[PDB]
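Just below is one structure, and these are the notes that go with it.
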Amino acid sequence: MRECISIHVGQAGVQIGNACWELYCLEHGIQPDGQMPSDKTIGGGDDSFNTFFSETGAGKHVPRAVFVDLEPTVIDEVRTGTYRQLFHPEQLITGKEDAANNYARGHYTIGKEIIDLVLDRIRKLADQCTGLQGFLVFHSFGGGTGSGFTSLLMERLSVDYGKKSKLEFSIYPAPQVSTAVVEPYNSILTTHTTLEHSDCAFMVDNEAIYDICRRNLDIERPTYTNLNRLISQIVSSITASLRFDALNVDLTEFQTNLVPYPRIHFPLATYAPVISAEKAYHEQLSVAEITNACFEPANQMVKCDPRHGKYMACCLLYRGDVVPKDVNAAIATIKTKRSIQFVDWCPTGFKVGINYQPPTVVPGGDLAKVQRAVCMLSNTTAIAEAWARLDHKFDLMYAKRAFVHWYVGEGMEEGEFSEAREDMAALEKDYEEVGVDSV
Amino acid sequence: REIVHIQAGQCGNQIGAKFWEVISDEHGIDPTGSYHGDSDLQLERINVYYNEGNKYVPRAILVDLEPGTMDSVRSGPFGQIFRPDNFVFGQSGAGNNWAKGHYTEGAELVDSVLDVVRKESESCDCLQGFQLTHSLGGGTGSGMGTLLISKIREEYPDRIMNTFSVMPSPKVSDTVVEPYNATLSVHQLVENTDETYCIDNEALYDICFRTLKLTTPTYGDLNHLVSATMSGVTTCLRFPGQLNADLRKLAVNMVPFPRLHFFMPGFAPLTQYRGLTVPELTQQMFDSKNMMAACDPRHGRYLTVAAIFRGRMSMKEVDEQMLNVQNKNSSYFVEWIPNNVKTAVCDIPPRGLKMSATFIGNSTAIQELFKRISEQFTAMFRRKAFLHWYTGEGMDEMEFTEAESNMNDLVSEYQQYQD
Ligand SMILES: COc1cc([C@@H]2c3cc4c(cc3[C@@H](Nc3ccc5[nH]ncc5c3)[C@H]3COC(=O)[C@H]23)OCO4)cc(OC)c1OC
Ligand SMILES: Nc1nc2c(ncn2[C@@H]2O[C@H](COP(=O)(O)OP(=O)(O)OP(=O)(O)O)[C@@H](O)[C@H]2O)c(=O)[nH]1
Ligand SMILES: Nc1nc2c(ncn2[C@@H]2O[C@H](COP(=O)(O)OP(=O)(O)O)[C@@H](O)[C@H]2O)c(=O)[nH]1
Ligand SMILES: [Mg+2]
Ligand SMILES: [Mg+2]
Ligand code: NA
């Protein structure tokens with residue numbers, strides 16, 4: 001019950017979804033053929049892992065997700081990858097042409113071709129579910145598939161599934177790994193479009209993840225593989241309440257607390273401890289250490305200063321050998337030392353959950369296995385800085401209407417650009433309003 | 001005079017389950033429903049909460065919008081004793097939204113539940129009324145609970161309605177939106193309950209943390225004080241004696257004015273082999289640190305008070321202690337209600353205690369509790385924070401405004417009489 005269908009749009013979506021799924025197999029004891037020896041129930045069951053993994057007569061535990069990419073290349077490696085047996089052919093959907101980094105191409109010119117087939121596969125998965133809970137969409141703002149097709153699929157899911165949940169894992173563009181000059185355009189436009197169709201959006205800045213790997217993992221030039229593996233750890237901590245089940249707290253309750261107002265649905269995420277296998281050897285990280293780490297600004301997935309802003313919610317999702325008592329101490333300590341300012345309308349509390357299932361690392365990973373990890377999600381107004389930066393780039397190119405012709409030829413109109421930007425400016429003012437102290 | 005017990009939601013189902021276990025022990029009923037008590041007292045009024053292969057079955061209906069909570073109870077020690085048909089739950093869950101329970105996803109199951117209730121009420125020879133357990137600050141029992149109360153009141157408008165309502169607290173909170181759910185529930189109860197025992201999840205913690213010295217109290221800890229308090233208040237109903245209290249008489253003697261039906265429970269010994277002295281029990285019973293509501297009686301004035309002492313003890317010494325308290329604390333007793341305090345003694349002591357004391361008081365101090373909730377509501381509601389989760393269900397800010405107001409009036413009323 002409470003099944004979740006996972007949707008992975010674009011190259012980034014797809015790859016990050018291959019990271020995640022592998023880690024989830026490793027955590028649940030699912031083998032690459034899908035056979036989970038631990039699971040005695042064959043063809044079905046009600047286990048937490050069944051919300052993300054469906055079962056078959058043979059005992060094979062198929063992932064509940066669909067990989068869509070307008071170029072075959074990325075999903076092709078999945079088709080031929082180690083976990084190719086786990087997935088099912090229909091679940092992998094690939095066209096023949098990419099959106100050449102163009103939102104317009106991916107939303108209209110190309111997307112329209114595959115959109116109906118995609119929704120079709122989702123619908124099949126939806127019928128398998130006894131009580132579907134919502135969708136998990138993974139994409140990148142910068143790419144044409146990750147922006148234009150992703151918004152299209154968001155609208156379609158709104159219509160066809162009504163107000164069912166729709167969470168998101170949006171890859172904030174990072175100049176270090178930038179692939180297109182026009183990525184700020186696609187970012188604004190997709191953010192504008194999906195803002196009304198997303199219940200809760202988690203952004204991950206490639207730059208921030210790139211830094212974390214170089215620093216904590218001592219990687220000279222982190223690859224998309226490094227990022228993805230770190231990303232999957234974050235994702236797994238967030239979804240761990242769903243896939244696993246006394247102290248564990250459903251992410252819904254966190255959601256009811258991380259969205260004070262519909263437009264404010266972007267929470268910041270900070271994970272700990274990211275450590276190399278040498279450094280983790282002969283070092284034990286306390287609940288207090290990992291907890292500090294959460295409040296450390298260099299450990300956050302998005303680059304922003306929480307101090308510059310105010311907290312509207314702050315949740316701590318732990319996993320591993322943790323006990324309430326230690327979590328209470330560490331929190332208090334933090335308090336004594338940190339400046340966790342809260343909006344006046346919001347209660348200055350930390351919602352916690354402890355999932356005793358310990359964390360797992362993919363073999364050959366650069367992440368050392370730890371006995372405890374934590375990932376704090378916070379609704380601080382600092383997130384706006386993000387938008388700003390982006391927006392500012394968008395404004396720079398758009399004043400000289402650069403690359404704008406590429407959008408217009410696909411059929412878009414400058415109105416869409418200006419409208420999208422206005423909405424971002426409103427969102428930024430909304431953050432400022434929520435921080436203002438009550439009269 | 002059977003009492004139809006009804007437990008809704010996680011909290012409601014957890015505390016109610018222990019309550020059954022406790023009173024089953026005292027009444028010598030094991031998990032299978034068979035009886036092995038050494039005294040007939042146990043069987044003399046067992047029908048107040050049980051129906052009889054010479055086995056007693058609790059007269060309890062379990063209600064939840066998610067199976068999990070009810071499935072745990074079924075797996076619990078006494079899970080067998082609870083009648084299987086009385087288990088009544090759905091799968092949607094209430095996502096901690098009064099709305100989702102009082103409007104959207106409860107309107108369905110409510111009917112199913114009313115049917116079991118109807119069945120229990122039919123078998124009952126003389127229906128005393130209904131007993132309900134729930135957490136005012138959640139979703140199923142906060143919202144759906146108050147909905148069932150209203151439905152129940154329409155079908156059985158001649159029956160007493162009593163609720164053990166678990167006031168939410170920041171110390172033990174689950175969601176930021178708990179004040180909202182509490183304020184809505186409070187107003188429901190003000191109108192559709194004759195008796196409401198306010199069990200603040202705050203105090204319980206405190207007691208545990210401070211007094212009982214528990215650094216990290218779990219929900220079980222709090223529940224343990226709750227079950228004890230429950231057994232206390234319900235003693236006079238369960239066990240025969242000089243004062244065979246009943247729901248109606250209980251309301252007739254402790255409720256000077258309708259809206260004022262909210263009581264501060266108190267228990268001692270707050271748990272031990274050293275039985276307390278009748279003076280000790282009496283000083284702890286009225287001790288703030290022994291009340292399950294987080295209000296100071298000294299800050300208000302006792303409209304009415306009712307005490308019970310279980311266990312072998314000197315009835316005379318008991319009466320002397322009570323008299324002393326009243327005489328030393330005359331200022332905390334309303335003059336306009338002559339003889340506003342009364343005590344009763346039961347021979348059968350609580351389980352594992354040589355003797356105990358339970359306190360039930362309609363103190364004007366109870367307003368503190370509602371003021372706390374009202375401030376919270378005000379804080380968030382001034383900025384409309386999180387309101388979209390309710391507006392999405394079809395609710396309207398006006399309704400939040402109304403409930404906010406009513407709870408303020410009720411606070412005012414308690415003060416008026418206080419002064
Ligand atoms: C503490 O003990 C209890 C007292 C009561 C109330 C009650 C509450 C009061 C009070 C007196 C009485 C008393 N009223 C009564 C009734 C008939 C009489 N006949 N002749 C005399 C006489 C007196 C109880 C006898 O029945 C009740 O339900 C009544 O003074 C201010 O508050 C209910 C109980 O259940 C929960 C209870 O257990 C804990
Ligand atoms: N973190 C992370 N970011 C990625 C990854 N792969 C691509 N990106 C980011 O995605 C952006 C490009 O997005 P894509 O996924 O390739 O775009 P697309 O979805 O294939 O759309 P097309 O232009 O039509 O091919 C770049 O700015 C990268 O920073 C990844 O594997 N991990
Ligand atoms: N004393 C006590 N309080 C509880 C318990 N379970 C939940 N609560 C409180 O109930 C409130 C949340 O309501 P919940 O039980 O989850 O209601 P539901 O939607 O119907 O399940 C929170 O304030 C908790 O403080 C319990 O077992 N004992
Ligand atoms: Mg591509
Ligand atoms: Mg709950
Ligand atoms: Na429904």
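Each position is counted from 1, following the chain as shown.
Determination method: X-ray crystallography, 3.5 Å.
Note that Cβ sites are derived from N, Cα and C of the backbone, with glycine treated the same way.
Per Swiss-Prot, the features are:
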BINDING   A:10-12, A:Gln15, A:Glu71, A:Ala99, A:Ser140, A:143-146, A:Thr179, A:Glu183, A:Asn206, A:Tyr224, A:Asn228, A:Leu251  GTP binding site
MOD_RES   A:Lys40  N6-acetyllysine
MOD_RES   A:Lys40  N6,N6,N6-trimethyllysine
MOD_RES   A:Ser48  phosphoserine
BINDING   A:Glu71  Mg(2+) binding site
MOD_RES   A:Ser232  phosphoserine
MOD_RES   A:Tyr281  3'-nitrotyrosine
CROSSLNK  A:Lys325  ubiquitin cross-link
MOD_RES   A:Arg338  omega-N-methylarginine
CROSSLNK  A:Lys369  ubiquitin cross-link
MOD_RES   A:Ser438  phosphoserine
Counting every protein chain shown, other Cβ atoms within 10 Å of the Cβ of A:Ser48 (phosphoserine) number 19
Write out which of the listed recorded positions, namely A:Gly10, A:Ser232, A:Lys325, A:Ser438, lie with a C-beta under 8 A from a C-beta of chain B, sequence order kept, or 'none'. A:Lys325, A:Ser438
Give the subset of the recorded positions A:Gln15, A:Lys40, A:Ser48, A:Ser140, A:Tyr281, A:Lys325 lying near ligand 2, defined as CB under 6 A from any of its atoms. A:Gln15, A:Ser140
Does A:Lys369 (ubiquitin cross-link) have same-chain partners at least 6 apart in sequence with Cβ under 8 Å from its own Cβ, and which are they? A:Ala277, A:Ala280, A:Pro359, A:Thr360, A:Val361
Would you identify the secondary structure of the residue listed as 'Mg(2+) binding site' according to DSSP, in three states? coil
Among the recorded positions listed here, A:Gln15, A:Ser140, A:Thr145, A:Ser232, A:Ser438, which has the most company in the form of other Cβ atoms within 10 Å of its Cβ? A:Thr145
Cα proximity to A:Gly10 (GTP binding site), best match among recorded positions A:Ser48, A:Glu71, A:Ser232, A:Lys325, A:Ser438: A:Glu71
Cβ under 6 Å from ligand 4: which of the recorded positions A:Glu71, A:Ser140, A:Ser232, A:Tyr281 qualify? A:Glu71
Would you identify the secondary structure of A:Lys325 (ubiquitin cross-link) according to DSSP, in three states? helix
A:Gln15 (GTP binding site) versus modified residues A:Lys40, A:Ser48, A:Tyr281, A:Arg338, A:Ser438 - nearest by Cα: A:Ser48
So among A:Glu71, A:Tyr281, A:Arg338, A:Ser438, all listed as recorded positions, which is physically nearest to A:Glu183 (GTP binding site)? Use the C-alpha atoms. A:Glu71
Compare the Cα of A:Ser438 (phosphoserine) against each of the binding-site residues A:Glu71, A:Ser140, A:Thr145, A:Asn228 and report the nearest. A:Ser140
